[PDB]
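Two forms of a single protein chain come next, each set out by itself as structure tokens; they are called structure 1 and structure 2.
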Structure 1
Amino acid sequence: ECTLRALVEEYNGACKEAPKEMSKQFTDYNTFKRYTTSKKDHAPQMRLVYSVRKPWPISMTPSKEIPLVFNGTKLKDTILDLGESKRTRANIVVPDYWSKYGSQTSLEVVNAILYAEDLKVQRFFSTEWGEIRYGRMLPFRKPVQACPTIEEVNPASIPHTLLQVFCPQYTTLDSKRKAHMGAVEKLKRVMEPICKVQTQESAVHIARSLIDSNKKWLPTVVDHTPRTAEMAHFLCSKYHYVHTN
């Protein structure tokens, strides 16, 4: 396979160009995965308007599918971005150009990246709402599971359950025990199209979304089921309550 050859070449290049960073500790990955000089979470609201209007306002990794000039408009720069090794700048309309003239993925990948959201939308659009009744309702807060999950799993065994979904060959027998066998095959069958080494940084997030139960304080009148809690913002209030069936 050429993938192994590419991995070996990338390892050799990283060894050559960064001798010191390769002499670090593997446990330091938890701290240099975030090593950047950028300050983008520092008051981002107050810079948006003139940042998307600045020349070369967007960050876009070099590729051959984006022409330099399309219909007289320069879409991308020929200079790698500052502080970036595999990332350069482009024009703000590059997303718009890609939305029509870009490459296409498979129909199965779309149903995988949009799985949890699709279940949320179908859950919302498969309920016969009752009639709104008005009154001096008393909403009280109580820790309730936010959104429905595919299967009930202890929050302490979620990492050990996802490890059997993505990398079952890189785990011990203890993690094999402390995993919810029953939630691993469903996640595998719904995430196989994106279990590749390119969408594995996005599949873990959504797969965790299907399986993680986060207790959150939500207003209620009657006790929430886990399905009537993601929609509590409009089913209950201090003046109205609609009774779902």
Structure 2
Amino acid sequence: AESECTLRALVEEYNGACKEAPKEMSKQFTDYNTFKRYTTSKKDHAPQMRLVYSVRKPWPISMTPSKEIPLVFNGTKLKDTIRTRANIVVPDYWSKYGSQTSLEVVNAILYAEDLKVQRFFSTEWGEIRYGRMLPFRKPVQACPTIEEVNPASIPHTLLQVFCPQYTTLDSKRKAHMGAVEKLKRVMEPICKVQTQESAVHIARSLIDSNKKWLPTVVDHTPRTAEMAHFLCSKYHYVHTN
């Protein structure tokens, strides 16, 4: 039933697209790359300056037209039903009274961050040293990754993980098999149904090992390069495992 409802909604959206945007619908598909970044807002150069005013507005947050959030709670007006508008207290209220998702979803979302936290807390630190140490910056891997996957094959790996049936066989043989297998294993529960926008980013952060210029008193492994921001500062050197 859910699939049928989603397909009906997609058909309604197709009607809206073909009826309201006949001119845009006839442009080249690659033209997407041009108008996916379409934006009339200028480069503000100072959103932090307007943040204070925006937060203190009567209805700063824009929320989807949901029904779980009551219109009025303990006298406070939580939402403005005409996407509807809601005040900054809504996220705080949701943190106490709100719908609860499965623990599997929570584990999947936090997989990268939880792994980073465990990696930080799963290692010991040696006696901190002090001296005239020269921190010659070098380009090293930023964060440890699931498996060694070439940057060229990263998009193919993501495609195989998410929608393997929409890619060519030659492309199917351009992605790491272990990485795709385990990423599909850990990203399966609910991250791979509709919340693809964040799931793809999490997967990329898991497999994509971006190189960065970091200070290295000694040769740095990705595990150390993750936390190199405090291992050495030209005046000290903390030795890890």
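Each residue is numbered by where it sits in the sequence of structure 1, with counting from 1. So that the term is clear: the rigid core is the largest set of C-alpha atoms that superpose within 1.5 Å between two forms.
Choose from 188, 42, 225, 171 the one placed at the hinge of the motion between structures 1 and 2, with one rigid part turning against the other. Checking each of 188, 42, 225, 171, the hinge one is 42.
Rotational displacement of the minor rigid part between structures 1 and 2 [degrees]: Relative rotation between the rigid parts: 9 degrees.
By how many angstrom is the Cα of residue 128 displaced between structures 1 and 2 when the rigid core is overlaid? After core superposition, the C-alpha of residue 128 moves 1.1 Å between structures 1 and 2.
Can you give the CA shift of residue 14 between structures 1 and 2, in Å, with the two forms fit on their core? Shift of residue 14 at C-alpha, rigid core superposed: 4.2 Å.
Supposing the core is put in the same place in both forms, how far has the CA of residue 35 shifted between structures 1 and 2, in Å? With the cores aligned, its C-alpha sits 3.5 Å away.
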